[PDB]
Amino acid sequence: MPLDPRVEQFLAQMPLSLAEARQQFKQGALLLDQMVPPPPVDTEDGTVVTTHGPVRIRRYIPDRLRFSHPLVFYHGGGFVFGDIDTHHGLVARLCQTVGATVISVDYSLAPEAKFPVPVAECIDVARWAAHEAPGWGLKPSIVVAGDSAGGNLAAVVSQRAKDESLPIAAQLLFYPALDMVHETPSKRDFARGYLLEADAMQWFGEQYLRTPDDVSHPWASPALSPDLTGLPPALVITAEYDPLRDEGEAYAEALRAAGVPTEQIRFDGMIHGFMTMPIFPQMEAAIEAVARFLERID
């Protein structure tokens, strides 16, 4: 199916120290937010004590609370880039459109922290949120969410939840990375030219993982886990022209066949990252998909 027209234009107009590349990634996100300002939203900064140190968070409070579970959101950026500010545009809209409290998490970035530190941190924040939820007038079961690398973290947290005594009501995976071991057709075919590229993904893995053997670890590659029974209800959103598409859709099919309530939505003509790119109407359509999915959770 053809590239979305606006996506095609964006790709057509596209043209370093670690610090410079981080700043560049942040300038890119600010630019998009200037083009399509986020909705106003009440927020409160805070810090969660985790097993790997303090982790900054931002709690988003909807104008009108309509959803009975807190969302815990883990930003993407290949485990190296991104923060609460880069993902504000998405989180503010999730909060106001769903009508949910959202905890946005500033987990520790690679290469300064390596696998599996961010996983641990993200588990700890999820547990904190479950504990706090009654004091917010909410159910203790949380919804975890993330894009890309953040979708990886949401998926892994979801797999660890029962063993970690963590009540999780649902998982929202936005074009997640899930399998660092296997080539898929999409990973081969869309490896260059669609914003997320092969060589970038290799580099991210080099920064995040301790050794190449870590690719086979289920906390890096959750798609490898043989038993998906009993995992939380899943919304899995993919982009058609995304190297990560195929592993996302395959994981959704495996969840479904393991009896997990699963909604799988591919946005045709779209690319990786579209849910933090408000120049595309499909970002808000996907956020509407989230609200409609969460309506069904109870």
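In this text, residue numbers run from 1 along the sequence as written.
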Report, from the record, the number of residues in the deposited sequence between residue 15 and residue 16 that have no coordinates, as none, 1 to 3, 4 to 9, or 10 or more. 4 to 9
Stretch with the greater mean C-alpha B-factor as recorded in the entry, comparing 192-200 against 81-89: 192-200
Once average C-alpha B-factors are taken from the entry for 30-38 and 243-251, the winner is 30-38
Identify, among 273, 46, 232, 62, the residue whose C-alpha carries the highest B-factor in the deposited PDB entry. 46
Sorting 127, 160, 114, 139 by Cα temperature factor from the record, which one lands on top? 114
Just say lowest, middle or highest third for the CA B-factor of residue 212 relative to the other modelled residues in its chain. highest
Within this chain's modelled residues, let me know which third the CA B factor of residue 259 belongs to: lowest, middle or highest. middle
Report the third (lowest, middle or highest) to which the CA temperature factor of residue 279 belongs, ranking only the modelled residues of the same chain. middle
Name the third of the chain's ranked CA B-factors that contains residue 165, choosing lowest, middle or highest. highest
Can you tell me whether residue 269 has a C-alpha B-factor in the lowest, middle or highest third compared with the other modelled residues of the same chain? middle
